[PDB]
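As structure tokens, one chain now follows by itself in the form deposited in one PDB entry.
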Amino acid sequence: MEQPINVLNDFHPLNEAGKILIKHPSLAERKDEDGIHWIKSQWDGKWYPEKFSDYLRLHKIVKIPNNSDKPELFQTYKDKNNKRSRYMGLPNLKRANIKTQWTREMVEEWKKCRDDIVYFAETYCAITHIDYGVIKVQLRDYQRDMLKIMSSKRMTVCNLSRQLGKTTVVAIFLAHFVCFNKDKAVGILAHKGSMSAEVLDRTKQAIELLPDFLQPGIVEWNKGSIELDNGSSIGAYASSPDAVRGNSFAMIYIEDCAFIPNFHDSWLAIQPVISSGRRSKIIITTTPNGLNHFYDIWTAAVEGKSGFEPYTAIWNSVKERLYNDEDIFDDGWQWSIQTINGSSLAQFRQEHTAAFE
């Protein structure tokens, strides 16, 4: 026996260390159903159609038809041409402290969103506006996962890779928080006020597009903050002790932990709100950056020495990456090899795998 029987000689630079990180697609489970063929993914355990054209057909692009004249269709009604009820003659925003009568159908749907964040996300959260059309968001599975976690746990830490598009889900989450909660102050912190403003900006766009029965009245619409009639608000701040101490956040979102200089100081001021006290919700998303403060935060959470709930999502979350150039499901065998060749294995890991160096 000069050599083994059934190995597989296919090469992948991703399996070039003391481990097999990616399995060849030929080894996957397959099945026929509905006239098409399906492959089960190794990342998901879920079933995908062999032909990319069919994954496309299962994830349609629902366009949102503008409506400003038919209130009965409350799911999309928006009193745009009624200046009396607009926040400063703006078309997409509702004024504050304005009353209206509702049907039982409306109330129940409102309560349905308040308790099912994923429903609210797949049903009313829209993207764009002036180009290609106002459409529903195409939520990815990893995004549903985060909405659910962030929703149920008080403290959350996310270790993500780049290229995933996480700000969309973050924007959706905060839009939900201030929309269904009263008198809650939210604070967005980041390395620079610039990054905070964009997260806030994205959150406003998701709010502007909500239909009137779900959109609260705007009491303030600034570039660095907003406030609603239900007393809730959101402000963009530059991670610093003062920002934290001069406020009473009910929830804090920290984008970039891993790359915040002198995080220990900001961290110090925050634990008061995190620990024994009002116990505000704290959500931190980030991508790994060496063995710094974040390494000992993630570590404490992955083990279970922190109250923080750990969540991780890497390159294989964008499902279109699982289909090769021939438009055939290969579980990302080709998208990783290509991406690597176009750069490096070293670079791939710190960009698509959330590894720590």
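A residue's number is simply how far along the shown sequence it sits, counting from 1. For clarity, a rigid core is taken as the largest C-alpha set superposing within 1.5 Å between two forms.
We do not show the form deposited with a small molecule bound, though everything after this point is about it.
Though the partner is left out of this view, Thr168 does reach within 4.5 Å of the small molecule in the deposited bound form, counting heavy atoms only. In the deposited bound form, none of the heavy atoms of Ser225 sits within 4.5 Å of a heavy atom of the small molecule. Looking at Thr128, you'd find a heavy atom of it within 4.5 angstroms of the small molecule in the deposited bound form.
When the small molecule is considered in the deposited bound form, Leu93 lies well away from it, no heavy atom lying within 4.5 Å. Only one of the listed residues (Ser151, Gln138, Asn181, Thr123) places a non-hydrogen atom within 4.5 angstroms of the small molecule in the deposited bound form, and that residue is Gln138. This chain lacks the partner; the member of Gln143, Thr156, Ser232, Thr286 within 4.5 angstroms of the small molecule in the deposited bound form by a non-hydrogen atom is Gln143. Only one segment in the set 101-109, 268-276, 185-193, 160-168 has residues whose heavy atoms sit within 4.5 Å of the small molecule in the deposited bound form; it is 160-168. Taking the core as reference between the shown form and the other one, the lone member of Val134, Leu90, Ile98, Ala197 whose Cα moves by 2 Å or more is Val134. The distance between the CA atoms of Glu320 and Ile127 is at least 3 Å shorter in the deposited bound form than in the form shown here. Compared with the form shown here, the Cα atoms of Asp131 and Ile226 sit 3 Å or more farther apart in the deposited bound form.
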